[PDB]
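In: Quick one, what's the 3D model for this:
(one chain, ligands or ions: 1)
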Amino acid sequence: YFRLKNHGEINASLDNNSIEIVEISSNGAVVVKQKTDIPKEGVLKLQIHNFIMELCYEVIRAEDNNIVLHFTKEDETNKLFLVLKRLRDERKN
Ligand SMILES: [Cl-]
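Out: Residues are numbered from 1 along each chain as shown. Please find the structure below.
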């Protein structure tokens, strides 16, 4: 697979509260820790250009101020994969 650095095409929120995403793959993401300690398990809302979805996630590693999320549902990671593959091709121009 592959990871993508966020160049601002990617916005995310948890329980309608926005979070900073800095890297993403079909199987997970690296996000920045905020004041509100985010749930160990939950639903992340992802927006990429005109595409919006929700992904079940869990926190699997906390590294300094970054949090590593794992997306737990295969069918949801399959959908995400295709969106990321589109976004990656767009950067290729
Ligand atoms: Cl909801």
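
In: surely residue 41 meets residue 55?
Out: No. Using Cβ atoms under 8 Å, residue 41 is not in contact with residue 55, being 11.8 Å away. C-beta: built from backbone N, CA, C; applies to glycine.

In: Counting neighbours, go ahead and name the busier of those two.
Out: residue 55 (21 against 12; other Cβ atoms under 10 Å).

In: so who does that one touch?
Out: By Cβ atoms under 8 Å, 6 or more residues apart in numbering, the residues touching residue 55 are 43-44, 46, 71, 73, 76-77, 80.

In: Let me see the contact set for the residue nearest to residue 4 when sequence neighbours are not counted.
Out: Distances taken as Cβ to Cβ, 6 or more residues apart in numbering place residue 24 nearest to residue 4, at 5.5 Å, with adjacent residues excluded. By Cβ under 8 Å, 6+ apart, residue 24 lies in contact with 3-4, 6, 10, 30, 84.

In: For the most centrally placed residue in the chain, give the beta-bridge partners.
Out: The centroid of the chain falls nearest to residue 29 when counting by Cα atoms, centre = their mean (4.5 Å). Taking DSSP bridges as the rule, residue 29 bridges to residue 24, residue 69.

In: is it true that it touches residue 66?
Out: No. Counting by Cβ under 8 Å, residue 29 does not reach residue 66; the two are 10.0 Å apart.

In: Tell me how far the longest strand along the chain lies from the chain's centre.
Out: Counting by DSSP state E, the longest strand found in the chain is strand 51-63. Centre-to-centre, strand 51-63 and its host chain are 6 Å apart (Cα atoms, centre = their mean, to the nearest Å).

In: Pairing partners for it, with directions?
Out: strand 41-48 (antiparallel), strand 66-71 (antiparallel).

In: What are the buried residues along that strand?
Out: Residues 55, 57, 59 are the ones in strand 51-63 that count as buried (16 or more other Cβ atoms under 10 Å).

In: can you check stretch 64-79 too?
Out: Here stretch 64-79 shows 67-69, 71, 76-77 as buried, counting by 16+ other Cβ under 10 Å.
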